[PDB]
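The chain that follows stands alone, in the form deposited without N-[(3S)-piperidin-3-yl]benzamide (KF8), written as structure tokens.
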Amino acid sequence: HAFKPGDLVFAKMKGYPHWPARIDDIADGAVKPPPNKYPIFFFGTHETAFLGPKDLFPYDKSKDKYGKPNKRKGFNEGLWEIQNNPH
């Protein structure tokens, strides 16, 4: 798999900017998560969704293009978390 639990990323959902996030472990409450897809935790807002690799940008490579402040609520908080408290 391209990603594993604990890897940091910018995750992209329709209607939102490329958002600081991480790959979580699969919840024990969930039913099997599809082959192509990952459980994402978004820093700042602390939402989850399932997303595929086309929407996941490794954090290191990508921080120059995406890791900059944003007006959307929770984003700058999220930036802080990904650097300083990624758990």
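Shifts are known only where both forms have a C-alpha. Just so we're on the same page, rigid core means the largest C-alpha set that superposes within 1.5 Å between forms. Residue numbers run from 1 along the displayed sequence.
The discussion below concerns the form solved in complex with N-[(3S)-piperidin-3-yl]benzamide (KF8), not included here.
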Could you confirm whether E47 comes within 4.5 Å of N-[(3S)-piperidin-3-yl]benzamide (KF8) in the deposited complex, counting heavy atoms only?
yes
State yes or no: in the deposited complex, is some non-hydrogen atom of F42 no more than 4.5 angstroms from a non-hydrogen atom of N-[(3S)-piperidin-3-yl]benzamide (KF8)?
yes
What residues in 1 to 36 sit within 4.5 Å of N-[(3S)-piperidin-3-yl]benzamide (KF8) in the deposited complex, counting heavy atoms only?
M13, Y16, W19
Core-aligned CA displacement of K54 at least 2 Å between the shown form and the other one
no
Taking the shown form as the reference, report whether the CA atoms of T48 and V31 lie closer or farther apart in the deposited complex; the distance changes by 3 angstroms or more.
closer
Compare the CA separation of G78 and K32 in the deposited complex with the one in the displayed structure, and answer closer or farther (the difference is at least 3 Å).
closer
After superposition on the rigid core, which segments of 3 or more consecutive residues show C-alpha displacements of 2 Å or more between the shown form and the other one?
27 to 35
